[PDB]
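**Q** here is the sequence, then the experimental structure:
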Amino acid sequence: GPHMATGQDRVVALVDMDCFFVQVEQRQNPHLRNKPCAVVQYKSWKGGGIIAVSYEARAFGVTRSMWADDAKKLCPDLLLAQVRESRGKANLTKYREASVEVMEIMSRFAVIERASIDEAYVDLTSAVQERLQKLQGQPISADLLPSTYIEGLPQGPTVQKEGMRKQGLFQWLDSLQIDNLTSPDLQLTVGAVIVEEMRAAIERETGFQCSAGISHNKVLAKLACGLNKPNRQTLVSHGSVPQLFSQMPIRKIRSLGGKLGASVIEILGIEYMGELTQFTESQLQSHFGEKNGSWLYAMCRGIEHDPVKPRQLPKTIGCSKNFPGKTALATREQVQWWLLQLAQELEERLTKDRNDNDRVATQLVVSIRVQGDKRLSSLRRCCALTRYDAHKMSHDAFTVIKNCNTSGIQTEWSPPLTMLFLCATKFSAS
DNA sequence: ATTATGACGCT
DNA sequence: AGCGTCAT
Ligand SMILES: Nc1ncnc2c1ncn2[C@H]1C[C@H](O)[C@@H](COP(=O)(O)OP(=O)(O)OP(=O)(O)O)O1
Ligand SMILES: [Ca+2]
Ligand code: NA
């Protein structure tokens, strides 16, 4: 009734760059603009592995994880850009620097949480209140929302995409009560106005287009963002949730894309998020645990409380390389040479991080995989990181893993290593 | 022979 | 601490 919280206290946005690594390469090389193209890493094995795909190329069926040779079979005119290689490995520096460009722009509007190399959540609650004051009861015109979709509209009693978008926007704006500064729907709408401005600034100042979701929490904001891509933003209101969720497969919701989500489906015998509402909180907790159960009970009603954390910088800085099939490392000299290569890239990134961000990492984590293990990581060990020195770091990494060597022979390594990983963690101010 | 990352939960 | 899950 009157005491039933509806999770409508906040305005949250999720901004996500469209086909990000592709746009980085297209900005740099105009010849790739408005073409079917993809970004690939390595080239020798089947033309390289695809990691990003332009919307033009997606129309031909090109996807991430596809080998470039296979992609070319779907799209013979596909253009490719290669990830830079340094010290024998893929080097993602260019995309990390492009990411900083975008994060710094977003930070002018509001506190952001960096969720990945190319996306950030934004808590717009306070910014919305401020904009609501400036407006002073004055209505919101559709002209302020030129790329916004209202999920669930139009509805009730044109055959083109932009026409439908506008019809829905009009129905929404027609319904708004702008006299009430505390209407959640009004708050979301002002949120969307601000996000239009954020997205315009990003495109103006970097050249990169993006999509966005605006809702009352991170999970709905993320879901919304994906509903109309590319180059559009979507508002998902509290009211839209029952219909949206009624046919939404459980796996589409962030965190339910894996084993937990499969267990929800299997154990409860359901398919869609909306079907969760018929279980009690205790019932959900009995199957999925206390935390997951409470989260599910609220989430299926469109309610989630996870905060947008004030964090614009990554918490760890890591360097990793696979050594698949035949290229697995089988000699001590091999293992030491590759630890040094990884340690050298890591040193370079850490030193840059220390100058830019006024902090120093204090722990080095070392992880390997051995041939045979289905798991991505076989063994992880940490040691002290006391100096930004590649030789020391690689020497230390070797010391903490050297006992993994089954080989009776000193020089040989067995079983061969199929992955190496160095990660700097536990930052302190400096 | 996807690969290179990165956050957070469990015990 | 070391491992697993989920994500981009
Ligand atoms: N599995 C992966 N392996 C390596 N790099 C990845 C992987 N997934 C994503 N990336 C990189 C390349 C992407 O351009 C970038 C952002 O990822 P993501 O947001 O999932 O897709 P995207 O930006 O390429 O397309 P979209 O327009 O659908 O968001 O991070
Ligand atoms: Ca993206
Ligand atoms: Na993303």
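**A** Okay, I see it. Residues are numbered from 1 along each chain as shown, chains lettered A, B, ... in the order given. Ligands and ions are numbered 1, 2, ... in the order given.
**Q** check whether the helix or strand encompassing residue A:40 contacts DNA strand B.
**A** Using DSSP states H and E, residue A:40 sits within strand A:37-41. Yes: interface with DNA strand B: strand A:37-41 contributes residue A:41 (C-beta under 7 Å from any atom of the strand). From N, CA and C alone the C-beta is placed, and that goes for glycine too.
**Q** show me what the host helix or strand of residue A:166 is packed up against.
**A** Element membership for residue A:166 (DSSP H and E) is helix A:161-175. Packing contacts for helix A:161-175, counted by 3 or more C-beta pairs under 8 Å, 6 or more residues apart in numbering; DSSP states H and E, involve strand A:148-150, helix A:184-206.
**Q** chain center to that helix, what's the gap?
**A** A distance of 29 Å separates the C-alpha centroid of helix A:161-175 from that of its chain, computed with C-alpha atoms, centre = their mean, to the nearest Å.
**Q** flag every buried residue along it.
**A** For helix A:161-175, a neighbour-count test (16 or more other C-beta atoms under 10 Å) marks A:165, A:166, A:168, A:169, A:172, A:173 as buried.
**Q** include distance to residue A:64 when you put those residues into TSV, please.
**A** Formatted as TSV, the buried residues of helix A:161-175 follow (distance: C-beta to C-beta, whole Å):
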residue	distance to residue A:64
A:165	28
A:166	33
A:168	31
A:169	32
A:172	34
A:173	37
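**Q** just these now: which is nearest ligand 2?
**A** residue A:165 (21.0 Å; C-beta to the ion).
**Q** circling back: what does the helix holding residue A:166 rub up against?
**A** Residues from elsewhere that reach helix A:161-175 (C-beta atoms under 8 Å, 6 or more residues apart in numbering): A:139-142, A:145, A:148-150, A:152-156, A:158, A:185, A:189, A:235.
**Q** what helix or strand does residue A:334 sit in?
**A** Assigned by DSSP H and E, residue A:334 falls in helix A:332-357.
**Q** for the nearest residue to residue A:279 once chain neighbours are set aside, what are its contacts?
**A** Using C-beta to C-beta, 6 or more residues apart in numbering and skipping the chain neighbours, the partner closest in space to residue A:279 is residue A:268 (6.9 Å). Residues near residue A:268 by C-beta under 8 Å, 6+ apart: A:275, A:276, A:279, A:287.
**Q** please apply the same query to residue A:428.
**A** A:359, A:360, A:362.
**Q** who does the closest residue to ligand 2 within chain A bridge with?
**A** Taking C-beta to the ion, ligand 2 has its nearest neighbour within chain A at residue A:16, 4.3 Å off. Taking DSSP bridges as the rule, residue A:16 bridges to residue A:119, residue A:211.
**Q** show me what from the stretch 51-200 of chain A comes close to ligand 3.
**A** The interface of the stretch 51-200 of chain A toward ligand 3, taken as C-beta under 5 Å from the ion, is made up of A:116, A:118, A:119.
**Q** only the buried subset of those residues, as a PyMOL command please.
**A** Selection of the buried residues among those in PyMOL, burial being defined by 16+ other C-beta under 10 Å:
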select buried, chain A and resi 118+119
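**Q** and the buried residues of helix A:161-175, which is closest to residue A:310?
**A** Set against residue A:310, the nearest of the buried residues of helix A:161-175 by C-beta to C-beta is residue A:172 (31.2 Å).
**Q** can you get me a residue count around the residue nearest to residue A:205 when sequence neighbours are not counted?
**A** Leaving out its chain neighbours, the residue that sits closest to residue A:205 by C-beta to C-beta, 6+ apart is residue A:105, at 5.7 Å. Each residue near residue A:105 was counted by other C-beta atoms under 10 Å, and the total is 20.
**Q** how about the secondary structure of residue A:105?
**A** Per DSSP: H, G, I helix; E, B strand; the rest coil, the local secondary structure of residue A:105 is helix.
**Q** can you check residue A:373 too?
**A** Using three-state DSSP, the structure places residue A:373 in coil.
**Q** from residue A:224, how far out is residue A:239?
**A** Distance from residue A:239 to residue A:224, counting by C-beta to C-beta, to the nearest Å: 14 Å.
**Q** which of these two has more neighbours?
**A** When neighbours are counted by other C-beta under 10 Å, residue A:239 and residue A:224 differ, and residue A:224 comes out ahead with 26 against 14.
**Q** so the closest residue to that one other than its chain neighbours is in which element?
**A** Distances taken as C-beta to C-beta, 6+ apart put residue A:213 closest to residue A:224, at 2.9 Å, once the chain neighbours are dropped. Per DSSP H and E: residue A:213 is located in strand A:210-215.
**Q** now, of the contacts of helix A:161-175, which are buried?
**A** Buried by 16+ other C-beta under 10 Å: A:140, A:145, A:148, A:149, A:150, A:152, A:153, A:154, A:185, A:189, A:235, out of these.
**Q** residue contacts, the third one?
**A** Taking C-beta under 8 Å, 6+ apart as the contact definition, residue A:148 lies against A:165, A:169, A:192, A:196, A:232, A:233, A:234, A:235.
**Q** does the helix or strand encompassing residue A:73 come close to DNA strand B?
**A** In the assignment (DSSP H and E), residue A:73 maps to helix A:68-74. No: Helix A:68-74 lies apart from DNA strand B when judged by C-beta under 7 Å from any atom of the strand; the minimum separation is 10.0 Å.
**Q** contact partners of that helix?
**A** Counting by C-beta under 8 Å, 6+ apart, A:38, A:40, A:43, A:46-50, A:57, A:60-62, A:78, A:80 sit against helix A:68-74.
**Q** SS state for the closest residue to residue A:241 other than its chain neighbours?
**A** Using C-beta to C-beta, 6+ apart and skipping the chain neighbours, the partner closest in space to residue A:241 is residue A:302 (3.5 Å). Secondary structure, three-state DSSP: residue A:302 is coil.
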